[PDB]
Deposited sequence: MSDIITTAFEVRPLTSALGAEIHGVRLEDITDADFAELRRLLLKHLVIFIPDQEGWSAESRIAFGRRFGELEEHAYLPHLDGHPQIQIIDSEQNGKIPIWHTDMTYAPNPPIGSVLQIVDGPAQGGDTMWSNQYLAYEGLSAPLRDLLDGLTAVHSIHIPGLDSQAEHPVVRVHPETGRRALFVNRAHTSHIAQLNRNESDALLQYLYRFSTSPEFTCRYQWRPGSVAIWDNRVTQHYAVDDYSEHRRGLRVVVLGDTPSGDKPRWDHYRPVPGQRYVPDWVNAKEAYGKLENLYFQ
């Protein structure tokens, strides 16, 4: 992918780049197309100095990527159901995740601007799931190619589960990426639960190795745009100040990979799952 129009400053070899010399407010078609190519190359891009970006322009920009979420309940900007308000007080959780993978159609990506927050504190990290897959040895890539996993959530107000390939192809690059994440993946469907725990434990740690991640410090006016299909992210929980972001969410992913090479694991009647590793029975 050719991207030569702007001044691009990559964060790490794995992913991330800050793009200078762009004004989002009245971006042209040609400049948008270039930002989209930079997103496909760098997975998350950062656009500094966009203070004052109008609501209408933010929505138009998001709609250049696809349909925008109009969340039923999460607060939105007055007059604009597509611009979601994220407040550290109103709702943090530092855990590696890919957004909404407990649903059959997770988002394609998001546009986030932190409009209020501390000068230091509250960094966001992203990880490169292409590299997480590619860094596995050949026998393990071949195994994962034929597996699926159940992703689920069960909290007050939301119960959802979905089955996805463990390895998905990015529809627009054709490259394969890992598609499990600590927050929302439950278990691999074709393994028993204990085998699944062991393999997922390894994959979660490996996939978020420092060599596969980047860490971004938010500044006034900074916009992050990321591809949810091939990344995880993590919100660092190291601040107590009020922190507010404006977020637009682009819907419409269908994670797709190889046909599974085995049936789901079927337990016998009465079989009990005894995890090999301790988790407490009571949270906080």
Give me the ranges of the deposited sequence that have no CA atoms here, in sequence order. 1-3, 95, 289-297
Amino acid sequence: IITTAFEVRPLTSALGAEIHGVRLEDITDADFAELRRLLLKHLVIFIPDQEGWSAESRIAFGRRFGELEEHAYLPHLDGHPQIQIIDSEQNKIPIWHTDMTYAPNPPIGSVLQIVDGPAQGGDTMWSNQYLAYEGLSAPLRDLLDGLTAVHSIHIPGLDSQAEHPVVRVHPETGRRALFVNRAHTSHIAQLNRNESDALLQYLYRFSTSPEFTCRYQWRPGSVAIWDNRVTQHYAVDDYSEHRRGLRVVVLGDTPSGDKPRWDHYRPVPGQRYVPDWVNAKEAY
From here on, numbers count along this sequence of modelled residues.
When the other PDB entries of this protein are compared, is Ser240 left blank in at least a third of them? yes
When the other entries of this protein are compared, is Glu89 unmodelled in at least a third of them? yes
Averaging the C-alpha B factors as listed in the entry, name the stretch that ends up higher: 63-71 or 224-232. 63-71
Which wins on mean Cα temperature factor, 104-112 or 73-81? 73-81
Using the temperature factors in the entry, find which of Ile95, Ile188, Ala198, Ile86 has the highest value at its Cα atom. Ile86
Can you pull the Cα B-factors for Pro118, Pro171, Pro210, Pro165 from the entry and say which is highest? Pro118
Consider only the C-alpha atoms of the modelled residues in this chain, order them by B-factor as the entry records it, and name the third containing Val180: lowest, middle or highest. lowest
Ranked against its chain, the third holding the CA B-factor of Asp159: highest
For the chain shown, is the CA B-factor of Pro260 in the lowest, middle or highest third of its modelled residues? middle
Looking at the C-alpha B-factor of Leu43, is it in the lowest, middle or highest third of its chain? lowest
Give the position of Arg244 by CA B-factor within its chain, expressed as the lowest, middle or highest third. highest
